[PDB]
Amino acid sequence: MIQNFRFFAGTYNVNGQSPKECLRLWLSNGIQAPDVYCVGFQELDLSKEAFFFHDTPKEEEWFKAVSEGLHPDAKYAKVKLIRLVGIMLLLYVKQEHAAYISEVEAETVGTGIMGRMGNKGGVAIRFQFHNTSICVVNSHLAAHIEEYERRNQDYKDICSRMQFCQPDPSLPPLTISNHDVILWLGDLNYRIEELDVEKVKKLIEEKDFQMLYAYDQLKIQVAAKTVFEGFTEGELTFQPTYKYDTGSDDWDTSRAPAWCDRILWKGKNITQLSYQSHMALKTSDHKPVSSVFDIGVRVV
Ligand SMILES: [Ca+2]
Ligand SMILES: [Mg+2]
């Protein structure tokens with residue numbers, strides 16, 4: 001029997017900052033309490049120290065910040081936390097679902113310096129929920145403005161190198177694609193091309209996000225089948241989420257605005273209820289993005 005549960009997916013590039021703001025706006029702003037929360041960060045800590053010895057007080061800081069921000073109408077249990085340098089993913093479920101979560105595994109893949117360090121890359125948590133297999137990936141891909149090939153390479157390398165082991169020590173490992181349900185979120189860093197920074201801002205003024213999409217690097221590459229084969233993205237009905245002046249909604253361009261921050265998915269029995277950014281949070285040069293899904297899970 002398929003029963004629907006509500007999944008919240010969120011991605012936020014916090015530009016090396018500690019949380020200054022209440023996250024309720026992002027994580028529980030006029031939504032029903034999700035059954036499951038998948039919350040992704042990039043650039044959690046930008047220090048060389050963090051890049052070097054992993055430890056950083058930004059982890060407890062954003063964890064406290066997310067937990068305080070979850071929907072107040074339910075109690076949530078943290079299932080798993082995973083981080084590679086500045087890339088962190090948190091998985092929470094309502095306390096009443098905890099017993100039905102199993103085979104939780106978490107892995108990381110660095111795809112930055114030398115094609116292997118964690119300045120860029122991916123982290124993932126997969127698990128079983130009742131009798132449905134789910135994998136959630138948070139990734140931070142190459143930032144070069146022109147050279148999207150580097151993002152495609154990061155994406156190809158997360159897919160080929162991310163391997164989850166299994167209790168049975170005689171079985172092959174699982175890859176990201178070996179799941180009934182895949183959610184992929186992150187600062188994917190694809191930008192807008194050809195169009196002038198003037199036109200790109202003006203298009204954003206009059207809210208004509210359809211025309212702009214035709215020049216979005218991610219749209220183009222997905223159609224070219226160089227990444228995200230089989231994935232869907234909901235219509236982008238919110239303005240690009242990068243790059244803003246910290247503490248405001250004005251632009252900064254050291255580089256047109258861009259839909260850096262995205263959530264895609266593939267699987268049967270997945271319906272997307274919403275796809276938003278959250279302008280009111282001004283702690284970072286990105287805005288956070290969120291999506292709620294009704295996902296059908298097989299319950300036996
Ligand atoms: Ca790379
Ligand atoms: Mg930054």
# chains A, B, ... in the order shown; residues from 1 in each chain; ligands from 1
call {"tool": "residues_around", "arguments": {"residues": "stretch 169-177 of chain A", "least_positions_apart": "3", "cutoff": "9 Å", "atoms": "only C-alpha atoms", "output": "mmCIF file with C-alpha atoms, in the first residue's frame"}}
result
data_model
loop_
_atom_site.group_PDB
_atom_site.id
_atom_site.type_symbol
_atom_site.label_atom_id
_atom_site.label_comp_id
_atom_site.auth_asym_id
_atom_site.auth_seq_id
_atom_site.Cartn_x
_atom_site.Cartn_y
_atom_site.Cartn_z
ATOM 1 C CA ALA A 124 24.540 12.134 0.660
ATOM 2 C CA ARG A 126 20.359 7.281 1.997
ATOM 3 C CA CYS A 135 18.710 8.959 -1.268
ATOM 4 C CA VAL A 136 19.196 12.674 -0.731
ATOM 5 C CA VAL A 137 22.265 14.430 -2.149
ATOM 6 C CA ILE A 158 29.735 12.481 -7.425
ATOM 7 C CA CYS A 159 27.636 9.859 -9.248
ATOM 8 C CA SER A 160 30.497 7.525 -10.070
ATOM 9 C CA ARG A 161 32.352 7.767 -6.727
ATOM 10 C CA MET A 162 29.501 7.946 -4.209
ATOM 11 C CA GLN A 163 29.063 4.398 -2.908
ATOM 12 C CA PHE A 164 27.038 3.253 0.095
ATOM 13 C CA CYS A 165 28.089 -0.004 1.699
ATOM 14 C CA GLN A 166 25.686 -2.680 2.835
ATOM 15 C CA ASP A 180 13.295 4.290 -5.453
ATOM 16 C CA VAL A 181 13.491 7.999 -4.665
ATOM 17 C CA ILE A 182 16.298 10.477 -5.223
#
call {"tool": "closest_atom_pairs", "arguments": {"of": "stretch 95-202 of chain A", "to": "stretch 240-255 of chain A", "cutoff": "12 Å", "atoms": "only C-alpha atoms", "output": "CSV"}}
result
residue,atom,partner,partner_atom,distance
A:143,CA,A:255,CA,11.2
A:144,CA,A:255,CA,10.3
A:145,CA,A:255,CA,7.1
A:146,CA,A:255,CA,9.5
A:186,CA,A:241,CA,11.9
A:187,CA,A:241,CA,9.8
A:188,CA,A:242,CA,11.5
A:189,CA,A:242,CA,9.3
A:190,CA,A:242,CA,10.8
A:191,CA,A:255,CA,8.5
A:192,CA,A:255,CA,8.7
A:193,CA,A:255,CA,9.5
A:194,CA,A:255,CA,11.1
A:195,CA,A:255,CA,10.5
A:196,CA,A:255,CA,9.1
A:197,CA,A:255,CA,6.9
A:198,CA,A:255,CA,10.6
A:200,CA,A:240,CA,9.9
A:201,CA,A:251,CA,9.1
call {"tool": "write_last_selection", "arguments": {"atoms": "N, CA, C and O atoms", "output": "short mmCIF file (atom, residue, chain, number, x, y, z; two decimals), in the first residue's frame"}}
result
data_model
loop_
_atom_site.label_atom_id
_atom_site.label_comp_id
_atom_site.auth_asym_id
_atom_site.auth_seq_id
_atom_site.Cartn_x
_atom_site.Cartn_y
_atom_site.Cartn_z
N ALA A 143 32.47 26.78 -9.31
CA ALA A 143 31.96 28.15 -9.47
C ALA A 143 32.37 28.93 -10.74
O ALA A 143 31.90 30.04 -10.94
N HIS A 144 33.24 28.39 -11.60
CA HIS A 144 33.70 29.19 -12.76
C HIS A 144 32.49 29.75 -13.56
O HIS A 144 31.57 28.99 -13.90
N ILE A 145 32.48 31.05 -13.84
CA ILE A 145 31.31 31.68 -14.48
C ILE A 145 31.02 31.09 -15.87
O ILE A 145 29.89 30.73 -16.19
N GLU A 146 32.05 30.96 -16.69
CA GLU A 146 31.89 30.53 -18.08
C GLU A 146 31.90 29.01 -18.24
O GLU A 146 31.19 28.47 -19.10
N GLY A 186 21.19 21.64 -3.86
CA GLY A 186 22.49 22.28 -3.65
C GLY A 186 22.69 23.59 -4.36
O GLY A 186 21.80 24.09 -5.04
N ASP A 187 23.87 24.18 -4.14
CA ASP A 187 24.35 25.30 -4.93
C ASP A 187 25.04 24.64 -6.09
O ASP A 187 26.19 24.20 -5.96
N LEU A 188 24.33 24.52 -7.20
CA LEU A 188 24.84 23.82 -8.35
C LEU A 188 25.65 24.76 -9.23
O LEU A 188 26.44 24.32 -10.06
N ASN A 189 25.45 26.06 -9.05
CA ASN A 189 26.32 27.10 -9.62
C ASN A 189 26.22 27.35 -11.13
O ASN A 189 27.05 28.07 -11.70
N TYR A 190 25.22 26.78 -11.78
CA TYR A 190 25.00 27.07 -13.21
C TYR A 190 24.48 28.48 -13.28
O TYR A 190 23.74 28.91 -12.40
N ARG A 191 24.88 29.22 -14.30
CA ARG A 191 24.58 30.64 -14.39
C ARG A 191 23.76 30.93 -15.63
O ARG A 191 23.28 29.99 -16.28
N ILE A 192 23.59 32.21 -15.95
CA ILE A 192 22.94 32.64 -17.19
C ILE A 192 24.01 33.07 -18.21
O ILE A 192 25.00 33.72 -17.85
N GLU A 193 23.82 32.70 -19.47
CA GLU A 193 24.83 32.98 -20.49
C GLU A 193 24.31 33.81 -21.69
O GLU A 193 23.11 33.88 -21.95
N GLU A 194 25.23 34.45 -22.40
CA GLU A 194 24.90 35.35 -23.51
C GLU A 194 24.24 36.66 -23.06
O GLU A 194 24.72 37.74 -23.42
N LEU A 195 23.15 36.59 -22.28
CA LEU A 195 22.39 37.79 -21.90
C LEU A 195 23.21 38.74 -21.01
O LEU A 195 23.90 38.30 -20.09
N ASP A 196 23.10 40.04 -21.31
CA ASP A 196 23.84 41.09 -20.61
C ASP A 196 23.32 41.24 -19.19
O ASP A 196 22.15 40.97 -18.92
N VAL A 197 24.20 41.69 -18.29
CA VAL A 197 23.83 41.86 -16.88
C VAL A 197 22.70 42.88 -16.72
O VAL A 197 21.90 42.80 -15.78
N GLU A 198 22.63 43.83 -17.65
CA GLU A 198 21.54 44.80 -17.71
C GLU A 198 20.21 44.10 -18.04
O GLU A 198 19.23 44.25 -17.30
N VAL A 200 19.44 40.98 -17.86
CA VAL A 200 19.14 39.93 -16.90
C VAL A 200 18.51 40.50 -15.64
O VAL A 200 17.65 39.85 -15.05
N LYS A 201 18.93 41.69 -15.23
CA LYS A 201 18.32 42.34 -14.08
C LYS A 201 16.92 42.83 -14.44
O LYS A 201 15.97 42.62 -13.69
#
call {"tool": "residues_near_ligand", "arguments": {"ligand": "ligand 2", "cutoff": "10 Å", "atoms": "only C-alpha atoms and all ligand atoms", "output": "PDB file with C-alpha atoms, in the first residue's frame"}}
result
ATOM      1  CA  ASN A  13      24.672  28.709   0.740  1.00  0.00           C
ATOM      2  CA  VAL A  14      25.462  30.624   3.941  1.00  0.00           C
ATOM      3  CA  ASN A  15      28.676  32.206   2.707  1.00  0.00           C
ATOM      4  CA  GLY A  16      30.789  31.287   5.742  1.00  0.00           C
ATOM      5  CA  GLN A  17      28.489  33.029   8.199  1.00  0.00           C
ATOM      6  CA  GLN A  42      27.030  24.957   1.413  1.00  0.00           C
ATOM      7  CA  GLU A  43      29.942  27.156   2.459  1.00  0.00           C
ATOM      8  CA  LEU A  44      29.200  26.384   6.112  1.00  0.00           C
ATOM      9  CA  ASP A  45      32.703  27.515   7.087  1.00  0.00           C
ATOM     10  CA  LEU A  46      35.172  29.179   4.653  1.00  0.00           C
ATOM     11  CA  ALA A 143      31.957  28.154  -9.471  1.00  0.00           C
ATOM     12  CA  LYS A 243      24.332  37.220  -5.749  1.00  0.00           C
ATOM     13  CA  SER A 284      24.136  35.406   3.055  1.00  0.00           C
ATOM     14  CA  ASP A 285      24.892  36.512  -0.518  1.00  0.00           C
ATOM     15  CA  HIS A 286      22.528  33.673  -1.590  1.00  0.00           C
TER      16      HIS A 286
END
call {"tool": "residues_near_ligand", "arguments": {"ligand": "ligand 1", "cutoff": "10 Å", "atoms": "only C-alpha atoms and all ligand atoms", "output": "ChimeraX atom specification"}}
result
/A:110-121,140-144,149-155,157
call {"tool": "write_last_selection", "arguments": {"atoms": "N, CA and C atoms", "output": "PDB file, in the first residue's frame"}}
result
ATOM      1  N   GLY A 110      34.661  14.449  -2.581  1.00  0.00           N
ATOM      2  CA  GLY A 110      35.287  15.721  -2.884  1.00  0.00           C
ATOM      3  C   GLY A 110      35.604  15.792  -4.359  1.00  0.00           C
ATOM      4  N   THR A 111      35.283  16.923  -4.971  1.00  0.00           N
ATOM      5  CA  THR A 111      35.499  17.111  -6.396  1.00  0.00           C
ATOM      6  C   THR A 111      36.091  18.478  -6.715  1.00  0.00           C
ATOM      7  N   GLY A 112      36.898  19.029  -5.817  1.00  0.00           N
ATOM      8  CA  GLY A 112      37.476  20.357  -6.026  1.00  0.00           C
ATOM      9  C   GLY A 112      38.915  20.271  -6.465  1.00  0.00           C
ATOM     10  N   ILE A 113      39.799  20.712  -5.572  1.00  0.00           N
ATOM     11  CA  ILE A 113      41.227  20.781  -5.851  1.00  0.00           C
ATOM     12  C   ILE A 113      41.735  19.386  -6.196  1.00  0.00           C
ATOM     13  N   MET A 114      42.529  19.283  -7.267  1.00  0.00           N
ATOM     14  CA  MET A 114      43.026  17.994  -7.800  1.00  0.00           C
ATOM     15  C   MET A 114      41.866  17.059  -8.166  1.00  0.00           C
ATOM     16  N   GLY A 115      40.683  17.638  -8.345  1.00  0.00           N
ATOM     17  CA  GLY A 115      39.504  16.866  -8.600  1.00  0.00           C
ATOM     18  C   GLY A 115      39.111  15.978  -7.442  1.00  0.00           C
ATOM     19  N   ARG A 116      39.635  16.210  -6.240  1.00  0.00           N
ATOM     20  CA  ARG A 116      39.292  15.309  -5.131  1.00  0.00           C
ATOM     21  C   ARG A 116      39.112  15.901  -3.725  1.00  0.00           C
ATOM     22  N   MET A 117      39.416  17.181  -3.540  1.00  0.00           N
ATOM     23  CA  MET A 117      39.312  17.789  -2.211  1.00  0.00           C
ATOM     24  C   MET A 117      37.953  18.384  -1.992  1.00  0.00           C
ATOM     25  N   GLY A 118      37.634  18.650  -0.736  1.00  0.00           N
ATOM     26  CA  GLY A 118      36.268  18.979  -0.358  1.00  0.00           C
ATOM     27  C   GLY A 118      35.839  20.419  -0.383  1.00  0.00           C
ATOM     28  N   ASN A 119      36.592  21.289  -1.058  1.00  0.00           N
ATOM     29  CA  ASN A 119      36.175  22.683  -1.285  1.00  0.00           C
ATOM     30  C   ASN A 119      34.929  22.764  -2.174  1.00  0.00           C
ATOM     31  N   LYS A 120      34.788  21.766  -3.036  1.00  0.00           N
ATOM     32  CA  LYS A 120      33.576  21.503  -3.793  1.00  0.00           C
ATOM     33  C   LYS A 120      33.312  19.986  -3.744  1.00  0.00           C
ATOM     34  N   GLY A 121      32.099  19.553  -4.040  1.00  0.00           N
ATOM     35  CA  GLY A 121      31.798  18.119  -4.016  1.00  0.00           C
ATOM     36  C   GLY A 121      30.378  17.847  -3.556  1.00  0.00           C
ATOM     37  N   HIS A 140      27.834  20.925  -3.967  1.00  0.00           N
ATOM     38  CA  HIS A 140      28.335  22.272  -4.233  1.00  0.00           C
ATOM     39  C   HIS A 140      29.323  22.169  -5.394  1.00  0.00           C
ATOM     40  N   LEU A 141      28.919  22.627  -6.579  1.00  0.00           N
ATOM     41  CA  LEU A 141      29.680  22.371  -7.803  1.00  0.00           C
ATOM     42  C   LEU A 141      30.527  23.568  -8.201  1.00  0.00           C
ATOM     43  N   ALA A 142      31.530  23.326  -9.044  1.00  0.00           N
ATOM     44  CA  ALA A 142      32.472  24.362  -9.528  1.00  0.00           C
ATOM     45  C   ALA A 142      31.807  25.707  -9.739  1.00  0.00           C
ATOM     46  N   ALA A 143      32.474  26.781  -9.314  1.00  0.00           N
ATOM     47  CA  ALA A 143      31.957  28.154  -9.471  1.00  0.00           C
ATOM     48  C   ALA A 143      32.374  28.928 -10.742  1.00  0.00           C
ATOM     49  N   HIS A 144      33.238  28.393 -11.600  1.00  0.00           N
ATOM     50  CA  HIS A 144      33.697  29.190 -12.760  1.00  0.00           C
ATOM     51  C   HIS A 144      32.493  29.746 -13.560  1.00  0.00           C
ATOM     52  N   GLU A 149      31.513  23.036 -17.913  1.00  0.00           N
ATOM     53  CA  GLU A 149      32.059  21.687 -18.067  1.00  0.00           C
ATOM     54  C   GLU A 149      32.575  21.155 -16.713  1.00  0.00           C
ATOM     55  N   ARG A 150      33.122  22.060 -15.902  1.00  0.00           N
ATOM     56  CA  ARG A 150      33.623  21.721 -14.574  1.00  0.00           C
ATOM     57  C   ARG A 150      32.515  21.323 -13.609  1.00  0.00           C
ATOM     58  N   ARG A 151      31.339  21.909 -13.766  1.00  0.00           N
ATOM     59  CA  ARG A 151      30.193  21.484 -12.968  1.00  0.00           C
ATOM     60  C   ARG A 151      29.722  20.119 -13.432  1.00  0.00           C
ATOM     61  N   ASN A 152      29.553  19.952 -14.728  1.00  0.00           N
ATOM     62  CA  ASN A 152      29.268  18.633 -15.258  1.00  0.00           C
ATOM     63  C   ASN A 152      30.286  17.590 -14.770  1.00  0.00           C
ATOM     64  N   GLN A 153      31.576  17.914 -14.754  1.00  0.00           N
ATOM     65  CA  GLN A 153      32.542  16.938 -14.260  1.00  0.00           C
ATOM     66  C   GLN A 153      32.282  16.623 -12.789  1.00  0.00           C
ATOM     67  N   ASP A 154      31.979  17.630 -11.979  1.00  0.00           N
ATOM     68  CA  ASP A 154      31.715  17.375 -10.562  1.00  0.00           C
ATOM     69  C   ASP A 154      30.493  16.461 -10.430  1.00  0.00           C
ATOM     70  N   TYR A 155      29.448  16.764 -11.178  1.00  0.00           N
ATOM     71  CA  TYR A 155      28.278  15.937 -11.107  1.00  0.00           C
ATOM     72  C   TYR A 155      28.563  14.497 -11.535  1.00  0.00           C
ATOM     73  N   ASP A 157      31.336  12.910 -11.334  1.00  0.00           N
ATOM     74  CA  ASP A 157      32.210  12.295 -10.341  1.00  0.00           C
ATOM     75  C   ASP A 157      31.488  11.983  -9.000  1.00  0.00           C
TER      76      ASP A 157
END
call {"tool": "residues_around", "arguments": {"residues": "stretch 93-108 of chain A", "least_positions_apart": "5", "cutoff": "8 Å", "atoms": "only C-alpha atoms", "output": "compact mmCIF listing (two decimals) with C-alpha atoms, in the first residue's frame"}}
result
# COMPACT_ATOMS: atom_id res chain seq x y z
CA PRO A 34 6.66 17.87 7.16
CA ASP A 35 7.06 14.22 8.01
CA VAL A 36 10.68 14.33 6.85
CA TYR A 37 13.16 17.22 6.64
CA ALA A 74 5.64 18.21 15.62
CA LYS A 75 8.62 16.82 17.52
CA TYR A 76 11.47 15.80 15.21
CA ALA A 77 14.32 13.35 15.70
CA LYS A 78 17.64 13.91 14.00
CA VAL A 79 18.36 10.81 11.95
CA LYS A 80 21.72 11.70 10.43
CA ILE A 82 26.91 14.50 7.36
CA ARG A 83 29.52 17.13 6.36
CA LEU A 84 32.46 17.50 3.99
CA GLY A 121 31.80 18.12 -4.02
CA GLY A 122 28.82 16.23 -2.62
CA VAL A 123 27.42 14.59 0.46
CA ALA A 124 24.54 12.13 0.66
CA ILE A 125 22.29 10.31 3.15
CA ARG A 126 20.36 7.28 2.00
CA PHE A 127 17.93 5.29 4.01
CA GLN A 128 14.98 3.03 3.96
CA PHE A 129 11.60 4.41 5.11
CA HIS A 130 9.10 1.61 5.59
CA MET A 162 29.50 7.95 -4.21
CA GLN A 163 29.06 4.40 -2.91
CA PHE A 164 27.04 3.25 0.10
CA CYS A 165 28.09 0.00 1.70
call {"tool": "atom_distance", "arguments": {"atom1": "atom CA of residue A:40", "atom2": "atom CA of residue A:280"}}
result
18.3 Å
call {"tool": "select_by_dssp", "arguments": {"residues": "stretch 19-261 of chain A", "states": "alpha helix (DSSP H)", "output": "PyMOL selection string"}}
result
chain A and resi 24-27+48-53+58-69+149-161+197-205+209-213+217-223
call {"tool": "write_last_selection", "arguments": {"atoms": "C-alpha atoms", "output": "PDB file, in the first residue's frame"}}
result
ATOM      1  CA  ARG A  24      11.300  29.497  10.688  1.00  0.00           C
ATOM      2  CA  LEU A  25      10.818  31.684   7.569  1.00  0.00           C
ATOM      3  CA  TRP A  26      12.735  29.102   5.607  1.00  0.00           C
ATOM      4  CA  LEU A  27      11.867  25.808   7.347  1.00  0.00           C
ATOM      5  CA  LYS A  48      41.396  27.329   5.859  1.00  0.00           C
ATOM      6  CA  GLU A  49      41.356  25.742   9.341  1.00  0.00           C
ATOM      7  CA  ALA A  50      37.986  24.136   8.631  1.00  0.00           C
ATOM      8  CA  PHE A  51      39.238  22.920   5.230  1.00  0.00           C
ATOM      9  CA  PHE A  52      42.140  21.365   7.026  1.00  0.00           C
ATOM     10  CA  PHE A  53      40.891  19.717  10.221  1.00  0.00           C
ATOM     11  CA  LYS A  58      29.549  26.424  12.555  1.00  0.00           C
ATOM     12  CA  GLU A  59      28.202  22.843  12.567  1.00  0.00           C
ATOM     13  CA  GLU A  60      26.574  23.007  16.043  1.00  0.00           C
ATOM     14  CA  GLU A  61      25.502  26.578  15.252  1.00  0.00           C
ATOM     15  CA  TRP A  62      23.523  25.759  12.132  1.00  0.00           C
ATOM     16  CA  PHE A  63      22.293  22.496  13.608  1.00  0.00           C
ATOM     17  CA  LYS A  64      20.849  24.360  16.621  1.00  0.00           C
ATOM     18  CA  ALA A  65      19.502  26.934  14.121  1.00  0.00           C
ATOM     19  CA  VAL A  66      17.752  24.302  11.969  1.00  0.00           C
ATOM     20  CA  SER A  67      16.328  22.368  14.933  1.00  0.00           C
ATOM     21  CA  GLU A  68      14.921  25.564  16.422  1.00  0.00           C
ATOM     22  CA  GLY A  69      13.475  26.377  12.975  1.00  0.00           C
ATOM     23  CA  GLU A 149      32.059  21.687 -18.067  1.00  0.00           C
ATOM     24  CA  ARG A 150      33.623  21.721 -14.574  1.00  0.00           C
ATOM     25  CA  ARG A 151      30.193  21.484 -12.968  1.00  0.00           C
ATOM     26  CA  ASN A 152      29.268  18.633 -15.258  1.00  0.00           C
ATOM     27  CA  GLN A 153      32.542  16.938 -14.260  1.00  0.00           C
ATOM     28  CA  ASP A 154      31.715  17.375 -10.562  1.00  0.00           C
ATOM     29  CA  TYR A 155      28.278  15.937 -11.107  1.00  0.00           C
ATOM     30  CA  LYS A 156      29.626  12.953 -13.063  1.00  0.00           C
ATOM     31  CA  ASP A 157      32.210  12.295 -10.341  1.00  0.00           C
ATOM     32  CA  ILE A 158      29.735  12.481  -7.425  1.00  0.00           C
ATOM     33  CA  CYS A 159      27.636   9.859  -9.248  1.00  0.00           C
ATOM     34  CA  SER A 160      30.497   7.525 -10.070  1.00  0.00           C
ATOM     35  CA  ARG A 161      32.352   7.767  -6.727  1.00  0.00           C
ATOM     36  CA  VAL A 197      23.832  41.859 -16.875  1.00  0.00           C
ATOM     37  CA  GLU A 198      21.538  44.801 -17.711  1.00  0.00           C
ATOM     38  CA  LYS A 199      18.952  42.647 -19.547  1.00  0.00           C
ATOM     39  CA  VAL A 200      19.140  39.930 -16.897  1.00  0.00           C
ATOM     40  CA  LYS A 201      18.319  42.337 -14.075  1.00  0.00           C
ATOM     41  CA  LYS A 202      15.527  44.043 -16.070  1.00  0.00           C
ATOM     42  CA  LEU A 203      13.960  40.705 -16.977  1.00  0.00           C
ATOM     43  CA  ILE A 204      13.967  40.009 -13.216  1.00  0.00           C
ATOM     44  CA  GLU A 205      12.260  43.366 -12.535  1.00  0.00           C
ATOM     45  CA  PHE A 209      11.381  34.248 -15.513  1.00  0.00           C
ATOM     46  CA  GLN A 210      10.320  32.115 -18.479  1.00  0.00           C
ATOM     47  CA  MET A 211      12.538  33.883 -21.047  1.00  0.00           C
ATOM     48  CA  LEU A 212      15.512  33.876 -18.691  1.00  0.00           C
ATOM     49  CA  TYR A 213      15.258  30.123 -18.167  1.00  0.00           C
ATOM     50  CA  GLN A 217      23.064  26.802 -18.001  1.00  0.00           C
ATOM     51  CA  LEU A 218      21.373  24.019 -16.043  1.00  0.00           C
ATOM     52  CA  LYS A 219      18.364  23.929 -18.369  1.00  0.00           C
ATOM     53  CA  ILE A 220      20.631  23.758 -21.409  1.00  0.00           C
ATOM     54  CA  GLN A 221      22.846  20.939 -20.013  1.00  0.00           C
ATOM     55  CA  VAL A 222      19.919  18.796 -18.853  1.00  0.00           C
ATOM     56  CA  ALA A 223      18.441  19.034 -22.375  1.00  0.00           C
TER      57      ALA A 223
END
call {"tool": "closest_residue", "arguments": {"among": "A:4, A:131, A:29, A:274", "to": "residue A:299", "atoms": "only C-alpha atoms"}}
result
A:131
call {"tool": "select_by_dssp", "arguments": {"residues": "stretch 90-292 of chain A", "states": "strand (DSSP E)", "output": "ChimeraX atom specification"}}
result
/A:90-94,101-110,121-129,132-140,181-187,261-267,270-277,289-292
call {"tool": "closest_residue", "arguments": {"among": "A:267, A:57, A:230, A:10", "to": "residue A:297", "atoms": "only C-alpha atoms"}}
result
A:267
call {"tool": "atom_distance", "arguments": {"atom1": "atom CA of residue A:258", "atom2": "atom CA of residue A:283"}}
result
17.9 Å
call {"tool": "closest_residue", "arguments": {"among": "A:19, A:90, A:38, A:1", "to": "residue A:292", "atoms": "only C-alpha atoms"}}
result
A:38
call {"tool": "atom_distance", "arguments": {"atom1": "atom CA of residue A:31", "atom2": "atom CA of residue A:6"}}
result
10.2 Å
call {"tool": "residues_around", "arguments": {"residues": "residue A:295", "least_positions_apart": "5", "cutoff": "7 Å", "atoms": "only C-alpha atoms", "output": "JSON list (two decimals) with C-alpha atoms, in the first residue's frame"}}
result
[["chain", "number", "residue", "atom", "x", "y", "z"],
["A", 4, "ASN", "CA", 2.03, 9.69, 1.11],
["A", 5, "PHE", "CA", 4.38, 11.49, 3.44],
["A", 6, "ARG", "CA", 5.44, 15.10, 3.24],
["A", 7, "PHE", "CA", 9.11, 15.71, 2.46],
["A", 269, "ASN", "CA", 5.11, 8.61, -6.62],
["A", 270, "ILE", "CA", 6.70, 12.02, -6.11],
["A", 271, "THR", "CA", 4.55, 15.15, -6.41]]
